[PDB]
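*Asks:* Structure in structure tokens, see below.
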Amino acid sequence: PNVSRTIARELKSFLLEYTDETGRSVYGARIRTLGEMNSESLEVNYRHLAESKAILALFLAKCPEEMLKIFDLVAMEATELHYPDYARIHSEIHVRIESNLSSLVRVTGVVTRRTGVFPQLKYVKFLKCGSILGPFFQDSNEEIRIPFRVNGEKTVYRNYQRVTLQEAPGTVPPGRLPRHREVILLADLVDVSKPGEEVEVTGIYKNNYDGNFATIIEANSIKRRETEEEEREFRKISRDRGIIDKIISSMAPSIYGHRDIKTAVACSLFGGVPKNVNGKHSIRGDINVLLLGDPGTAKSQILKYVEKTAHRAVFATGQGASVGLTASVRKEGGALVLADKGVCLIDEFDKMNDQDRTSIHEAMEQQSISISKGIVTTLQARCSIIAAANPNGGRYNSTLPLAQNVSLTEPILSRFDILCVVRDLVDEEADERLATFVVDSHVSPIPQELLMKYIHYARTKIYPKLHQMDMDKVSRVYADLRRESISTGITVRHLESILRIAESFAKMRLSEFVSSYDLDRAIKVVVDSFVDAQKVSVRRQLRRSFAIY
Amino acid sequence: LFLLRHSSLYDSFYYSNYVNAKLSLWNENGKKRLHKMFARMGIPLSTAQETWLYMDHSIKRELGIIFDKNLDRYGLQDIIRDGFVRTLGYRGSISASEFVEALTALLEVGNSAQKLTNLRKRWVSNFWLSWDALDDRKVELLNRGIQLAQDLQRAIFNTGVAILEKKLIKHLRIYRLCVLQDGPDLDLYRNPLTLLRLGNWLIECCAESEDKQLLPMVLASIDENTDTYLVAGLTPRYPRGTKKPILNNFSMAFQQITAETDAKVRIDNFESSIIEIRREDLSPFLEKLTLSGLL
Amino acid sequence: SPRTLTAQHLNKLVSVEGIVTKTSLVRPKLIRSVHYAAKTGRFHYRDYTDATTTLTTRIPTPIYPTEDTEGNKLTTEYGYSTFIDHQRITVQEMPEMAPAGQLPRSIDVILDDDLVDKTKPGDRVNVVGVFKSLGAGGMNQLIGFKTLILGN
Amino acid sequence: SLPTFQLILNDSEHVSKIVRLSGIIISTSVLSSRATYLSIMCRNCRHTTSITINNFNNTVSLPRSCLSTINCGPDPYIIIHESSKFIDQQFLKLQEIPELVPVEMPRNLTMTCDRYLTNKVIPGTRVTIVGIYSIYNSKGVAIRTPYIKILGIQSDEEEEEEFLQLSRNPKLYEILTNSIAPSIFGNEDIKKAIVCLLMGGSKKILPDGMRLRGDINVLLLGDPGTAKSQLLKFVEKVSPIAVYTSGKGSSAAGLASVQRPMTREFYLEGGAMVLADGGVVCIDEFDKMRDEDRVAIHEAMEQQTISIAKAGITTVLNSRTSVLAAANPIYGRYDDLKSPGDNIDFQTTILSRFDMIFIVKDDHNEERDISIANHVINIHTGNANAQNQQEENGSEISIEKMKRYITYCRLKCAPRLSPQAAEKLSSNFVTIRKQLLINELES
DNA sequence: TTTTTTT
Ligand SMILES: Nc1ncnc2c1ncn2[C@@H]1O[C@H](COP(=O)(O)OP(=O)(O)OP(O)(O)=S)[C@@H](O)[C@H]1O
């Protein structure tokens, strides 16, 4: 088909004047940002192409091969009319997008093992006819074959990688066995997946020529399974004051109340800062959440909300049913390796063995676990651990203490920062509100798309610091809290937690400076939380928590 | 542009005082605008990070044409000047400006009332290291000061951003007034010259202009020795648009207020623009400064 | 020492010390052939060399001969045809002599006829011989020029 | 005899170019050899030439003609091995940096070394290598493994003058206890024992069939929250060679290695005590550890003699290590409220085979508590404790200085006790053994 | 035909 010559003029009538939601040429506004970042990639939604001119959708399923070769070069010249000197960067931008041959296919799967990255010839130049032959094209997975021979020099290369992909164990019909298929990577997509993931790729489907037919999928657009005005309109809203209670009010509308423990969980995933001193040492960068449950609670529903909204979350089972959080060479990183700079979800400590005790022990303290294995490396782990426990026998035994109530030991609790505890007592109106909001559940807060851009945009950018004039009250708080709780029995790590929790409130305002309000909220959340763990004789502690305010 | 020959063009603009306010480098808006200038230059980010010595010859020869073809977009058209460059041959050429900045940086680093006088003695002690530094052949010591100049400019622009977030400026009609009562790395602020260039770095930043009515800035800091709070005078900088013989104001005002009760005031500073004052007494000093305003 | 043995302390006679370990198998090798022709009623003579025996780079002369000149049957003979045994062993240096902390590294030395099966794996042996390097070092058709030691 | 010298100087964009870089050494190879100058011979006509070569990384090979014509063809050339010249070759392999971008498994490359660069660095250092990122082909899809040829490796008299100056000051012991843990207040007895561990005692080569042991051992059993963890990390950073281990269970760190496989050969890979022969071993979680190869550790610190009698090898090797412990008793601070033993469930013979045993307590002192509070707030914020630069101007100018000093200190002095001091220790061991008699026989 | 696991 030679008509694509004339179609190249008209395919830019879609590129730079795609008027949707009052004009807004997302492609034309995007190109200046593409060459701005030198990403050498342009994204094309199948919705927009199907919406404007579906003749190209036919040109996708029938001939996806040469259509890209015609589309990317015109995108190159269409970008160079915008940037006069962009050809000095890369000068080539590749684009993104039996009944299966010669078509683009939306494919799912799980990443099996793979290989390294090698360069591959792109330009082929060739003693028979005097001098060299001339430039020729390096076919993909095929030779040129124009006596002469290819020389070592004068060869422009291209990085290559092939990726094995096998079927996803999640949508397997139950009991059958998975099968395999080949995926080959190209330039900007070099080594994008990682073992232990799922993936959704947009591939063109080919087959081998002859052997002396195996099919190979070359892939175009990798998307993982689930702009300028987008962050500035975002900043027009983020300037307000009452976002504190609103975050908890926008955190989890399924169960309506419980603002305190919901604010603590919302603070946990929002992160802390380890703040490595220049040359000296790094302290700790995570917030530790324990939530002592009760049968008869939808506390698990909360952590499921945590897993869908947050970045990397692998649900760690109750007892050995899964992944195992400790990487080990078996016939290879653990799930904690997947959750780097993310939040892990580990629960039901009552039924977890010592393997988990060592992994969780070292990971929340100083991030790295070593062995008595024939390889010696130090892989760290910056996970964030959120637990959900269960009381022994009764949900709450008596006035007897928390350490007497729980079956764990003291140092594992020491690794923990916050202790949110729920209570079960017969309230008539709470049951009324509960049943009525349940009815509403079967029928002002931030929409979930804005909050996900909020936490992702915040954790990559907001970097809290602190001044030296406001921590003296805090020093007095630690001094009275430790020195007065001597008669009670205490955590020095909770001293570091003060700054590491309070820094998140400055992360909430994206102000980079810790106001007094942040310290006051951090004190009013930590102190009373420690208060709630005692006996009925806590009245005295209630009568000394005034000076605390 | 500053620190041209010994540093990356990226850091050169990043720490550039002239480029600072126009591009609003402290804020995130101009960040992309800076990369946009490089996108006009067609320079890879990694190419900008390399040392000036190892950058390609093409990039060298074409630098000025590229500047002529790109920077004008941001109003930078009047920059290129025919300034002199020394040829010492084999160790490489340097514009007089850069060597000046390095030597003055060598002046400020690279080193009851008895401690303050002891420190004053140490300032004079650092002068001979500079007088010795004036020779061409003694390069060993010179490179240390050359690099420490970068360490200063880093701290300057950093604390500068910190001041930009709190907006402690009192935009008054008479004159702008500010004070830094607390902050990290206050030891470097002991030298008056630190605050001289610091004030200059602010003065051009807050007002480009940015019409109208350029106003003087007030600045002070203290750590020990009972609220020394050196306050040095500062004057507005015009962006080429000596239009008038304005010069200064403060000498007469200092004579008027120092002629009053003047308790604990010390005129010990050789330069008339800077004076030591107690904060307790600096507040009324300000009150008397506002009114009667001599200007 | 084997640690500083390569490149220099090369193509000379080297005194090596170390431990006898992993003794290989005993195979005999043919050198001088005796062949009888039926009609002439005479004997004959033919030799063959390899890189272990000559110590000098000579043209190798390998196929077992029959029907050379006229058509006389070259019946080979035995007994009078000579043979020499052959063996190769590895000697790593003494482990206490090693650097700060490492796995000791080693080379090998080839013996000859009257010295076959004199070292069992596991003894203390001083060795005097000549450092011989054989083989086409990758110029045959990727790191070659494998080594051994002779004249022992 | 004078060969040609070698000069030593110091992705799609990186193929075969002048690039400097930096990484960590994964594993080296055994000193190998390519050839440099060589003469060939025609086996029939006796025709000889000679070729010198430099770039041993394909370009040219032996011809197949007698060359006297310029039919003996094909290739008649036989390499004269008695009149050749050779050099050495190393073949390192490097591993990525553990602080940045492992967001994965560690990746690696292949190195190759030339003439005077051989046998230079034992693995474990953090180094920089200037290189050439070139491509080779060996083991229709054009799969080629890339590599970096090494040119100019750089490592990790007047100093003797300042060393002698620092040796004779009588305040050296304290100024070193102002050098180890600036981030940690208190714990000064531990802070002192680290000073003695980084130097190492005497080493006796007696007519006796054994030699004795020199380096020492550090224990930190005690209550949690002490940050003894930060202390053991900084111990690893100070010594030039040392192995830090956090517990019995890793992601990737092993401990006599048994490797069985290409060419069907058994070979010895390594481990952890092997890297730390003559260094510091840090073991965290002394009670969270298994009894699977613990015996090697029950011997490595006492007789320095690891035996291997497996399927591959039958050697007795050396291990000059020093182990540093950091335990936790059961139930935290209550272990001292019952009988004062009740800590190691197996027995006390391992502790008898250690050197120093310290117990960390936790007593409230409000001034100490406020001081440890604001001391740590000053550590986090406002860089108050971080004043150190004037302290550098007055005490302990650097950590790397301390390292260079220990390197100079270990092999130079030959310490030994003094005869007038020996009778003091002889009279003192009596008092300690009597002390144990008092606490034991009457109880 | 031998090295890391787990019921
Ligand atoms: N002066 C300090 N004292 C105690 N902890 C500190 C101090 N400064 C910072 N820290 C931090 O507080 C944490 C307290 O835990 P550790 O002191 O490691 O307790 P632990 O006794 O090591 O528990 P382990 O490691 O399982 S034995 C440290 O890991 C540091 O992150």
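Chain labels A, B, ... are given in the sequence in which chains occur in the structure tokens; within each chain residues are numbered consecutively from 1, and ligands are likewise numbered from 1 in the order shown.
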Please report as JSON lines every residue of chain D lying within 8 Å of ligand 1, along with the nearest atom pair and their distance in Å (one decimal), using only C-alpha atoms and all ligand atoms.

*Replies:*
{"residue": "D:183", "atom": "CA", "partner": "ligand 1", "partner_atom_place_in_ligand_line": "8 (N)", "distance": 6.5}
{"residue": "D:184", "atom": "CA", "partner": "ligand 1", "partner_atom_place_in_ligand_line": "1 (N)", "distance": 4.6}
{"residue": "D:185", "atom": "CA", "partner": "ligand 1", "partner_atom_place_in_ligand_line": "1 (N)", "distance": 5.5}
{"residue": "D:186", "atom": "CA", "partner": "ligand 1", "partner_atom_place_in_ligand_line": "1 (N)", "distance": 7.7}
{"residue": "D:220", "atom": "CA", "partner": "ligand 1", "partner_atom_place_in_ligand_line": "27 (S)", "distance": 7.9}
{"residue": "D:221", "atom": "CA", "partner": "ligand 1", "partner_atom_place_in_ligand_line": "27 (S)", "distance": 7.4}
{"residue": "D:222", "atom": "CA", "partner": "ligand 1", "partner_atom_place_in_ligand_line": "21 (O)", "distance": 6.8}
{"residue": "D:223", "atom": "CA", "partner": "ligand 1", "partner_atom_place_in_ligand_line": "21 (O)", "distance": 5.7}
{"residue": "D:224", "atom": "CA", "partner": "ligand 1", "partner_atom_place_in_ligand_line": "21 (O)", "distance": 3.3}
{"residue": "D:225", "atom": "CA", "partner": "ligand 1", "partner_atom_place_in_ligand_line": "19 (O)", "distance": 3.1}
{"residue": "D:226", "atom": "CA", "partner": "ligand 1", "partner_atom_place_in_ligand_line": "17 (O)", "distance": 3.3}
{"residue": "D:227", "atom": "CA", "partner": "ligand 1", "partner_atom_place_in_ligand_line": "17 (O)", "distance": 1.8}
{"residue": "D:228", "atom": "CA", "partner": "ligand 1", "partner_atom_place_in_ligand_line": "22 (O)", "distance": 4.7}
{"residue": "D:229", "atom": "CA", "partner": "ligand 1", "partner_atom_place_in_ligand_line": "22 (O)", "distance": 4.3}
{"residue": "D:230", "atom": "CA", "partner": "ligand 1", "partner_atom_place_in_ligand_line": "29 (O)", "distance": 5.9}
{"residue": "D:284", "atom": "CA", "partner": "ligand 1", "partner_atom_place_in_ligand_line": "27 (S)", "distance": 7.3}
{"residue": "D:285", "atom": "CA", "partner": "ligand 1", "partner_atom_place_in_ligand_line": "27 (S)", "distance": 6.9}
{"residue": "D:326", "atom": "CA", "partner": "ligand 1", "partner_atom_place_in_ligand_line": "27 (S)", "distance": 5.9}
{"residue": "D:327", "atom": "CA", "partner": "ligand 1", "partner_atom_place_in_ligand_line": "27 (S)", "distance": 5.8}
{"residue": "D:328", "atom": "CA", "partner": "ligand 1", "partner_atom_place_in_ligand_line": "27 (S)", "distance": 5.7}
{"residue": "D:372", "atom": "CA", "partner": "ligand 1", "partner_atom_place_in_ligand_line": "1 (N)", "distance": 6.8}
{"residue": "D:376", "atom": "CA", "partner": "ligand 1", "partner_atom_place_in_ligand_line": "8 (N)", "distance": 6.3}

*Asks:* For those residues, write N, CA, C and O atoms to a file as a JSON list (two decimals), in the first residue's frame.

*Replies:*
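Listed below is the output, result16.json:
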[["chain", "number", "residue", "atom", "x", "y", "z"],
["D", 183, "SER", "N", 27.67, 9.76, 66.68],
["D", 183, "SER", "CA", 26.24, 9.76, 66.71],
["D", 183, "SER", "C", 25.71, 9.14, 67.98],
["D", 183, "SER", "O", 24.53, 9.31, 68.28],
["D", 184, "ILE", "N", 26.54, 8.44, 68.75],
["D", 184, "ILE", "CA", 26.05, 7.75, 69.94],
["D", 184, "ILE", "C", 26.68, 8.25, 71.21],
["D", 184, "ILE", "O", 27.90, 8.18, 71.40],
["D", 185, "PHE", "N", 25.82, 8.72, 72.10],
["D", 185, "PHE", "CA", 26.15, 9.20, 73.42],
["D", 185, "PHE", "C", 26.13, 8.03, 74.37],
["D", 185, "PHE", "O", 25.31, 7.13, 74.26],
["D", 186, "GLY", "N", 27.05, 8.06, 75.31],
["D", 186, "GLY", "CA", 27.10, 7.02, 76.29],
["D", 186, "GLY", "C", 27.78, 5.79, 75.75],
["D", 186, "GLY", "O", 28.43, 5.80, 74.70],
["D", 220, "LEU", "N", 27.49, -7.69, 72.51],
["D", 220, "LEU", "CA", 26.59, -6.64, 72.92],
["D", 220, "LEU", "C", 25.21, -7.19, 73.33],
["D", 220, "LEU", "O", 24.19, -6.64, 72.91],
["D", 221, "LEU", "N", 25.12, -8.27, 74.12],
["D", 221, "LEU", "CA", 23.80, -8.74, 74.54],
["D", 221, "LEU", "C", 23.18, -7.73, 75.48],
["D", 221, "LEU", "O", 23.85, -7.20, 76.37],
["D", 222, "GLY", "N", 21.89, -7.49, 75.31],
["D", 222, "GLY", "CA", 21.23, -6.51, 76.14],
["D", 222, "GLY", "C", 19.88, -6.12, 75.60],
["D", 222, "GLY", "O", 19.39, -6.68, 74.61],
["D", 223, "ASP", "N", 19.28, -5.18, 76.30],
["D", 223, "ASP", "CA", 17.94, -4.74, 76.03],
["D", 223, "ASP", "C", 17.83, -4.00, 74.70],
["D", 223, "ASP", "O", 18.74, -3.29, 74.28],
["D", 224, "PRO", "N", 16.71, -4.15, 74.03],
["D", 224, "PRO", "CA", 16.52, -3.50, 72.75],
["D", 224, "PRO", "C", 16.35, -2.01, 72.83],
["D", 224, "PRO", "O", 16.04, -1.44, 73.88],
["D", 225, "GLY", "N", 16.59, -1.38, 71.69],
["D", 225, "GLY", "CA", 16.51, 0.05, 71.53],
["D", 225, "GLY", "C", 17.82, 0.74, 71.78],
["D", 225, "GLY", "O", 17.92, 1.96, 71.58],
["D", 226, "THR", "N", 18.84, 0.00, 72.16],
["D", 226, "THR", "CA", 20.14, 0.57, 72.47],
["D", 226, "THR", "C", 20.88, 1.15, 71.27],
["D", 226, "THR", "O", 21.80, 1.95, 71.48],
["D", 227, "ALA", "N", 20.48, 0.80, 70.04],
["D", 227, "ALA", "CA", 21.19, 1.17, 68.80],
["D", 227, "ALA", "C", 22.58, 0.59, 68.76],
["D", 227, "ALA", "O", 23.48, 1.19, 68.16],
["D", 228, "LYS", "N", 22.77, -0.60, 69.34],
["D", 228, "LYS", "CA", 24.05, -1.27, 69.24],
["D", 228, "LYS", "C", 24.25, -1.68, 67.79],
["D", 228, "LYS", "O", 25.38, -1.91, 67.35],
["D", 229, "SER", "N", 23.13, -1.76, 67.05],
["D", 229, "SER", "CA", 23.09, -2.02, 65.63],
["D", 229, "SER", "C", 23.82, -0.94, 64.85],
["D", 229, "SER", "O", 24.65, -1.25, 63.97],
["D", 230, "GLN", "N", 23.57, 0.33, 65.17],
["D", 230, "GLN", "CA", 24.26, 1.41, 64.48],
["D", 230, "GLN", "C", 25.76, 1.34, 64.76],
["D", 230, "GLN", "O", 26.60, 1.58, 63.86],
["D", 284, "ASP", "N", 24.98, -10.39, 63.93],
["D", 284, "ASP", "CA", 23.81, -9.89, 64.63],
["D", 284, "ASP", "C", 22.95, -11.10, 64.89],
["D", 284, "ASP", "O", 23.12, -12.13, 64.25],
["D", 285, "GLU", "N", 22.09, -10.96, 65.88],
["D", 285, "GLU", "CA", 21.12, -11.96, 66.24],
["D", 285, "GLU", "C", 21.81, -13.26, 66.63],
["D", 285, "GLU", "O", 21.70, -14.27, 65.95],
["D", 326, "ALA", "N", 26.16, -9.28, 68.79],
["D", 326, "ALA", "CA", 25.08, -8.36, 69.22],
["D", 326, "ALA", "C", 23.81, -9.18, 69.45],
["D", 326, "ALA", "O", 22.99, -9.33, 68.53],
["D", 327, "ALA", "N", 23.65, -9.69, 70.67],
["D", 327, "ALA", "CA", 22.52, -10.52, 71.08],
["D", 327, "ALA", "C", 21.38, -9.77, 71.77],
["D", 327, "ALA", "O", 21.44, -8.56, 72.02],
["D", 328, "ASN", "N", 20.33, -10.53, 72.07],
["D", 328, "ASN", "CA", 19.11, -10.19, 72.79],
["D", 328, "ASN", "C", 18.69, -11.36, 73.65],
["D", 328, "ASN", "O", 18.41, -12.44, 73.14],
["D", 372, "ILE", "N", 20.03, 12.88, 76.70],
["D", 372, "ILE", "CA", 19.98, 11.95, 75.59],
["D", 372, "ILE", "C", 18.86, 12.32, 74.67],
["D", 372, "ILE", "O", 18.86, 11.97, 73.48],
["D", 376, "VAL", "N", 19.79, 13.96, 70.86],
["D", 376, "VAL", "CA", 19.42, 13.24, 69.66],
["D", 376, "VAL", "C", 18.58, 14.12, 68.78],
["D", 376, "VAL", "O", 18.61, 13.97, 67.55]]

*Asks:* Applying 10 Å and only C-alpha atoms (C1' of nucleotides), which residues near residue 18 (chain D) remain after dropping the ones on its own chain fewer than 5 positions away? List them as an NGL selection string.

*Replies:* :D and (130-133 or 151)

*Asks:* Which parts of region 63-129 of chain C does DSSP call strand (DSSP E) when run on the backbone here, written out as an MDAnalysis selection string?

*Replies:* chainID C and resid 74:76 83:92 106:111 123:129

*Asks:* Using N, CA, C and O atoms, can you write the selected residues to a file as a compact mmCIF listing (two decimals), in the first residue's frame?

*Replies:*
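Produced file result-v1.txt, reproduced below:
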# COMPACT_ATOMS: atom_id res chain seq x y z
N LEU C 74 53.16 -54.67 4.53
CA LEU C 74 53.90 -54.21 5.68
C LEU C 74 53.27 -54.83 6.92
O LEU C 74 52.44 -54.22 7.60
N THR C 75 53.66 -56.06 7.22
CA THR C 75 53.15 -56.67 8.42
C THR C 75 53.86 -56.02 9.58
O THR C 75 55.09 -56.01 9.63
N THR C 76 53.11 -55.49 10.52
CA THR C 76 53.79 -54.87 11.64
C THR C 76 54.23 -55.97 12.61
O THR C 76 53.69 -57.08 12.61
N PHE C 83 57.62 -48.68 23.42
CA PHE C 83 56.56 -48.00 24.12
C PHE C 83 57.10 -47.28 25.33
O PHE C 83 58.11 -47.68 25.91
N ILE C 84 56.40 -46.22 25.72
CA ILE C 84 56.71 -45.40 26.88
C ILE C 84 55.39 -44.97 27.53
O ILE C 84 54.48 -44.52 26.83
N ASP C 85 55.29 -45.09 28.85
CA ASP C 85 54.08 -44.72 29.59
C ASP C 85 53.93 -43.20 29.66
O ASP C 85 54.81 -42.44 29.25
N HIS C 86 52.79 -42.72 30.19
CA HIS C 86 52.56 -41.29 30.17
C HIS C 86 51.60 -40.92 31.30
O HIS C 86 50.71 -41.70 31.61
N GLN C 87 51.80 -39.75 31.92
CA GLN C 87 50.98 -39.33 33.06
C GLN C 87 51.06 -37.82 33.32
O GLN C 87 52.11 -37.20 33.12
N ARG C 88 49.94 -37.22 33.80
CA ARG C 88 49.86 -35.81 34.17
C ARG C 88 49.24 -35.68 35.58
O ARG C 88 48.32 -36.42 35.92
N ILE C 89 49.77 -34.76 36.40
CA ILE C 89 49.31 -34.55 37.78
C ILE C 89 49.25 -33.07 38.08
O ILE C 89 49.91 -32.27 37.43
N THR C 90 48.49 -32.72 39.12
CA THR C 90 48.37 -31.32 39.50
C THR C 90 49.00 -31.09 40.86
O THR C 90 48.86 -31.90 41.77
N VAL C 91 49.68 -29.96 40.99
CA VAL C 91 50.32 -29.59 42.23
C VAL C 91 49.98 -28.15 42.52
O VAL C 91 50.36 -27.25 41.76
N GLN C 92 49.24 -27.92 43.58
CA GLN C 92 48.89 -26.60 44.07
C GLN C 92 49.93 -26.25 45.12
O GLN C 92 50.55 -27.15 45.68
N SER C 106 46.39 -23.25 41.14
CA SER C 106 47.40 -24.23 40.71
C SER C 106 47.59 -24.44 39.21
O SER C 106 46.81 -23.99 38.37
N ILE C 107 48.68 -25.18 38.91
CA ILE C 107 49.10 -25.63 37.59
C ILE C 107 49.42 -27.13 37.64
O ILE C 107 49.30 -27.77 38.68
N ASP C 108 49.87 -27.67 36.51
CA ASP C 108 50.17 -29.09 36.38
C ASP C 108 51.51 -29.37 35.71
O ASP C 108 52.01 -28.58 34.92
N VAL C 109 52.07 -30.54 36.00
CA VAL C 109 53.37 -30.97 35.48
C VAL C 109 53.22 -32.40 35.00
O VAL C 109 52.66 -33.23 35.73
N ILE C 110 53.73 -32.69 33.80
CA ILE C 110 53.65 -34.01 33.16
C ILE C 110 54.93 -34.81 33.38
O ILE C 110 56.03 -34.29 33.20
N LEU C 111 54.80 -36.08 33.76
CA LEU C 111 55.96 -36.91 34.00
C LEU C 111 56.29 -37.74 32.77
O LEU C 111 55.68 -37.58 31.71
N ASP C 123 50.51 -35.88 49.26
CA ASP C 123 51.82 -35.85 49.90
C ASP C 123 52.48 -34.48 49.77
O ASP C 123 51.88 -33.51 49.30
N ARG C 124 53.74 -34.41 50.20
CA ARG C 124 54.55 -33.19 50.15
C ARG C 124 55.70 -33.48 49.21
O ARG C 124 56.52 -34.36 49.47
N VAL C 125 55.74 -32.75 48.09
CA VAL C 125 56.70 -33.00 47.02
C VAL C 125 57.36 -31.73 46.47
O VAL C 125 56.67 -30.76 46.15
N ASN C 126 58.70 -31.74 46.35
CA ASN C 126 59.44 -30.69 45.66
C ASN C 126 59.55 -31.15 44.21
O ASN C 126 59.77 -32.34 43.97
N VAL C 127 59.36 -30.25 43.25
CA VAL C 127 59.41 -30.61 41.83
C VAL C 127 60.35 -29.70 41.05
O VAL C 127 60.29 -28.47 41.18
N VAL C 128 61.21 -30.32 40.24
CA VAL C 128 62.16 -29.63 39.38
C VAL C 128 61.86 -30.04 37.96
O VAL C 128 61.90 -31.23 37.63
N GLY C 129 61.56 -29.07 37.12
CA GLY C 129 61.29 -29.38 35.75
C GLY C 129 61.34 -28.17 34.88
O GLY C 129 61.84 -27.12 35.29

*Asks:* Starting from chain B, keep only residues with some atom at most 7 Å from an atom of chain A, counting only C-alpha atoms, and report them as JSON, numbers by chain.

*Replies:* {"B": [35, 36, 39, 40, 42, 44]}

*Asks:* Could you please select, counting only C-alpha atoms (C1' of nucleotides), the residues of chain A within 8 Å of chain E and state them as JSON, numbers by chain?

*Replies:* {"A": [329, 330, 331]}

*Asks:* With C-alpha atoms retained, could you export that selection as a CSV table (one decimal), in the first residue's frame?

*Replies:*
chain,number,residue,atom,x,y,z
A,329,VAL,CA,18.0,-19.4,46.8
A,330,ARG,CA,15.7,-22.3,46.0
A,331,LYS,CA,15.2,-24.4,42.9
